Undergrad: 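Can you keep this structure in mind? I'll have questions shortly.
Letters A, B, ... are given to chains in the order of the sequence lines, protein chains preceding strands, and every chain is numbered from 1. The figures here come from the full heavy-atom set of this structure, side chains too, leaving out hydrogens, waters and symmetry mates.
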Amino acid sequence: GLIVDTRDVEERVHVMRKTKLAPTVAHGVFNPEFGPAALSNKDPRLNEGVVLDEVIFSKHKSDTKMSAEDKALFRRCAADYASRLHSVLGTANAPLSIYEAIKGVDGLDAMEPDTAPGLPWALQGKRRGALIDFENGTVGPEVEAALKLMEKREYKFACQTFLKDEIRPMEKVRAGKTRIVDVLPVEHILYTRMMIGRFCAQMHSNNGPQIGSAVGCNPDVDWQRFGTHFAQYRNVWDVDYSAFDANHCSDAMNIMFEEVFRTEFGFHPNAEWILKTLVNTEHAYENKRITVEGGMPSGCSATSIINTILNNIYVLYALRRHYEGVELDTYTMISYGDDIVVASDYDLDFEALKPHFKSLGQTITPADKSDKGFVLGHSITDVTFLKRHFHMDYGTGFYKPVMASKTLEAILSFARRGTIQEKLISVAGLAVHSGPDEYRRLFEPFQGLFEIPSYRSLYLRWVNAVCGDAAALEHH
RNA sequence: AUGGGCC
RNA sequence: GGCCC
Ligand SMILES: [Mg+2]
């Protein structure tokens, strides 16, 4: 978005930290072009003359303003997508109880009991367990008073800027392109879950191309479902965004919230209001307070869902701005936040859509290599989604999610102290789809030091997971 | 080190 | 706890 004000205050919010990711035995074997993101300004790995603080907020370039006619078009697209979504999900969207918002429901998992509480709780000590009883599903006086202000629509907050401690390609580590997490206050998260929690639960349960959302999916199982769907289409596109989250303009955000979360769809009047508080935000980074207009914070409840919904409306908006007679059945798509797979039997010109996405402030580029524009004829076996390719298994005849071996090497090369064993088992479930030979090669540095699951055991587990009859058919 | 998923 | 977004 657009940075409107940068104020220096006395209170310093500690963010820097040291990386908790330590190199494993695999690091010296694979030597990946990957490493922990730069968390300190004095990190020796950083390029000369790179100020980490400036690069972080460089994503905030502008808040794109839309014309009345483009806003009118966007409203129509939001309402059209909002028609499809609530037709599939239903309109049972009344507030969740406090208990349900904390403990979760069918389709919505519970709030994490010991994550960051946000501001101003971080400046007072106080963890999440002191403010909220997670076992009993009850809130203390501090949150109670905050919830009363949100009901009154008088609630004010600040986002706490956190540096994301993660493995990144070495090019981005050296460029100081450390990702950030905007940690919202725990009460804001709770109330959002109250306002839109059942909707979110319904979204998760009904994931698929019909609603254009993969949020809630299990790639082990659903790659067959998504794979067979997109294989039916003549053209498949792999579309990359540049800073998707930060580039959501105030106009697009406000209109989407207005059209999707209407009281006539069963929502409480405050559902629209609580989401609109995400448009103009105050961010706290050390001694600096930065006011931003536009863009989506990442620590919000249902940030993935909001981004997914916007992604759906963006594609409809861009296509209607270029072509005539474009409807929801003109194409098909699945998204997860900024990640997107689009397909159509019509020879759509995504290169011509570039300016139309720009009117929203979004920059689309081909993922199909960083090549000379968008091309036609590509299939689902050519694309990546959720860092996974669509490969066929020749033992079952099903699509399986295959990650790049270079990426799996990177994941196995770094781990938090004392978590290596459980990480290996977790990564084994990802690595099984690379085939027996590659699975063997990936875990070979760990042999004799940790338990590695046999390829066979994870394969048979997966066969049953994707299709229970297929596992039984091998016994018939 | 986080929202939201999934093991 | 890990992974993806
Ligand atoms: Mg992509």
Side-chain angles (χ1 to χ4, degrees), chain A residues 13-21 24 36-37 39 104 107-112 114-118 122 128 159-167 178-186 188-190 192-193 196-197 199-201 203-207 213-223 240-241 244-245 278 296-311 334-341 384-389 401 403-404 407-408 410-412 414-416 418-433 453 458 461-462 465-466:
Chain A
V13 183
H14 278 69
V15 294
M16 298 311 183
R17 311 188 316 255
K18 193 88 175 183
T19 181
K20 285 176 178 179
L21 299 162
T24 59
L39 300 180
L108 180 78
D109 69 57
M111 287 175 70
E112 295 282 2
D114 214 49
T115 41
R128 274 190 171 200
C159 309
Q160 196 177 185
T161 311
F162 265 81
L163 295 180
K164 199 160 172 63
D165 185 26
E166 59 182 349
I167 310 158
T178 304
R179 289 201 282 157
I180 53 163
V181 177
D182 318 299
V183 172
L184 276 72
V186 68
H188 189 284
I189 290 156
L190 199 153
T192 306
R193 284 166 71 94
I196 68 162
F199 170 78
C200 290
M203 286 274 288
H204 299 154
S205 308
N206 291 267
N207 76 82
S213 181
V215 192
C217 81
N218 182 4
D220 263 27
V221 177
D222 297 318
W223 237 235
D240 278 357
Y241 287 95
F244 186 74
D245 291 40
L278 308 165
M296 265 288 296
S298 64
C300 170
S301 170
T303 169
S304 294
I305 284 167
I306 296 303
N307 280 324
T308 296
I309 292 163
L310 285 165
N311 211 157
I334 192 101
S335 63
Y336 199 126
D338 71 323
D339 210 343
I340 170 74
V341 178
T384 294
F385 188 57
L386 312 172
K387 287 181 86 67
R388 296 150 166 99
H389 295 77
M403 292 188 66
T407 305
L408 292 162
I411 296 163
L412 291 165
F414 298 95
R416 192 176 299 198
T419 74
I420 310 158
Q421 176 61 76
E422 53 185 314
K423 178 161 185 167
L424 287 173
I425 299 163
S426 186
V427 178
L430 303 169
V432 68
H433 306 112
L458 292 174
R461 177 188 294 255
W462 172 79
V466 65

Undergrad: Given atom NZ of A:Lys423 and atom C1' of C:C4, what is their separation to the nearest angstrom?
TA: 13 Å
Undergrad: Starting at NZ of A:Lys20 and ending at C1' of B:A1, how long is that distance when rounded to a whole Å?
TA: 6 Å
Undergrad: Taking atom CG of A:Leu278 and atom OG1 of A:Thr192, what is their separation to the nearest 0.5 Å?
TA: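 Between A:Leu278 CG and A:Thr192 OG1, I get 6.5 Å after rounding to 0.5 Å.
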Undergrad: In whole angstrom, what separates A:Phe244's CZ from C:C5's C1'?
TA: 11 Å
Undergrad: Calculate the interatomic distance between A:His433 atom NE2 and C:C3 atom P; express it in whole Å.
TA: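 Value for this atom pair: 17 Å.
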Undergrad: What is the distance from NE2 of A:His389 to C1' of C:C4, rounded to the nearest Å?
TA: 15 Å
Undergrad: Take nucleotides 2-7 of chain B nucleotide by nucleotide from the 5' end and write B, S or -, depending on whether a protein heavy atom sits under 4.0 Å from the base, only from the sugar-phosphate, or from neither.
TA: BBBSSS
Undergrad: Reckon A:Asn307 touches a base, only the sugar-phosphate, or nothing at all at heavy-atom distances under 4.0 Å?
TA: nothing
Undergrad: Are side-chain N/O atoms of A:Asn307 and A:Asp245 paired as donor and acceptor at under 3.5 Å?
TA: yes
Undergrad: So A:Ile411, base contact, sugar-phosphate only, or nothing? Heavy-atom distance under 4.0 Å.
TA: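 A:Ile411: backbone/sugar contact only, no base atoms under 4.0 Å.
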Undergrad: Nearest-Å distance, CG (A:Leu408) to P (C:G2)?
TA: 16 Å
Undergrad: My understanding is that only residues two or more places apart in sequence, or in another chain, count here; which of them pass salt bridge (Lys or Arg N to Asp or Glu O under 4.0 Å) with A:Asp165?
TA: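 If we apply the salt bridge (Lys or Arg N to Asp or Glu O under 4.0 Å) test to A:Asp165, skipping adjacent residues, there are no hits.
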Undergrad: Taking CE from A:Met203 and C1' from C:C5, how many angstroms apart are they, rounded to a whole number?
TA: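 Between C1' of C:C5 and CE of A:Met203: 13 Å.
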Undergrad: So do A:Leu386 and A:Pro401 actually touch side chain to side chain, heavy atoms under 4.5 Å?
TA: no
Undergrad: How far does CG of A:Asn311 sit from CD1 of A:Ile305, to the nearest 0.5 angstrom?
TA: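 The CD1 atom of A:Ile305 is 14.0 Å from CG of A:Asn311, to the nearest 0.5 Å.
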Undergrad: Pick from A:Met111, A:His188, A:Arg193: which one makes a side-chain contact (heavy atoms from CB on, under 4.5 Å) with A:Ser301?
TA: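 With A:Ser301 as partner, side-chain contact (heavy atoms from CB on, under 4.5 Å) holds for just one option, A:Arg193.
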Undergrad: Rounding to a whole Å, what distance do you find between A:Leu412:CG and C:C3:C1'?
TA: 11 Å
Undergrad: Taking only side-chain N and O atoms of A:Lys387, does any of them lie within less than 4.0 angstrom of OP1 or OP2 on C:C5?
TA: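 No, A:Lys387 has no side-chain N/O under 4.0 Å of OP1/OP2 on C:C5.
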Undergrad: Among A:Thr161, A:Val181, A:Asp182, A:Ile180, find the residue that satisfies the side-chain contact (heavy atoms from CB on, under 4.5 Å) test when tested with A:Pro297.
TA: A:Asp182
Undergrad: Ignoring hydrogens and angles, does a donor from either the side chain of A:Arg416 or the base of B:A1 sit under 3.5 Å from an acceptor on the other?
TA: yes
